[PDB]
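Written out below as structure tokens is the structure these notes cover.
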Amino acid sequence: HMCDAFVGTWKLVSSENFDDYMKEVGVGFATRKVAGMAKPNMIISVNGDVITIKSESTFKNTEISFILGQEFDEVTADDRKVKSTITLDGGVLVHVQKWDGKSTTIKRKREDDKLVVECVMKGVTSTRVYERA
Ligand SMILES: COc1c(C)c(C)c2onc(C)c2c1C/C=C(\C)CCC(=O)O
């Protein structure tokens, strides 16, 4: 029952500073433009210890399945090959991606009826807000 409040189907309703975050990460111009247009749905489900987060958009689909605390391979929407570890910290899903000696952290939390996602690369943060679909 860990992540019960995250489970469901969510749609993107606001984004702030995602272009600057993508620049910080190293995403190129064309990908930033097309990815920044997308309005993904995110589908979160849990089966035993396995959490699955799917992102469906016009830009890309993606899907990750993982066990908390257990590192996995992830190919990101922008085609980085990263090593990811996702934990729960005080009710927040904390997702660290490591690649090429770099690191970024993505935090997902429930706030009121929203799922709020904060992406941080060095000093740059982006906030993306999702509502139930
Ligand atoms: C941040 O990693 C990226 C990137 C870099 C780019 C270009 C992207 O383009 N499309 C997606 C989807 C996407 C993502 C995943 C987003 C997140 C893991 C959280 C924000 C959200 O779920 O909205």
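Each position is counted from 1, following the chain as shown.
Cβ atoms are placed via backbone N, Cα and C, with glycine included.
Database features (Swiss-Prot):
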| type | residues | note |
| --- | --- | --- |
| MOD_RES | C3 | N-acetylcysteine |
| MOD_RES | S14 | phosphoserine |
| MOD_RES | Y21 | phosphotyrosine |
| MOTIF | 23-33 | motif 'Nuclear localization signal' |
| BINDING | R128, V129, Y130 | fatty acid binding site |
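In this structure, the CA atom of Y21 (phosphotyrosine) is 11 Å away from the CA atom of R128 (fatty acid binding site). A simple way to gauge crowding: the CB of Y130 (fatty acid binding site) has 22 other CB atoms within 10 angstroms, across all the protein chains here. Sequence-ordered, the extra residues of this chain that approach the fatty acid site, with Cβ no more than 8 Å from the Cβ center of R128, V129, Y130, are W10, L12, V13, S14, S15, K114, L115, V116, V117, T127, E131. Residue counts for the motif 'Nuclear localization signal' (23-33) by DSSP state, with H, G and I taken as helix and E and B as strand, are 8 helix, 0 strand, 3 coil. Spatially close to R128 (fatty acid binding site) yet at least six residues away along the chain are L12, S14, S15, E16, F18, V116, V117, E118, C119, judged by Cβ distances under 8 angstroms. Checking the recorded positions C3, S14, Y21, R128, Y130 against ligand 1, the ones whose Cβ sits under 6 Å from it are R128.
The Cβ neighbour count for the residue listed as 'N-acetylcysteine', using a 10 Å radius over every protein chain in view, is 17. Taking the Cβ of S14 (phosphoserine) as centre and 10 Å as the limit, one finds 11 other Cβ atoms among all the protein chains shown. Note: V129 (fatty acid binding site) has non-local neighbours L12, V13, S14, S15, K114, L115, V116, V117, i.e. same-chain residues 6+ apart with C-beta under 8 A of its own C-beta. Here the Cα atom of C3 (N-acetylcysteine) is found 16 Å from that of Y130 (fatty acid binding site).
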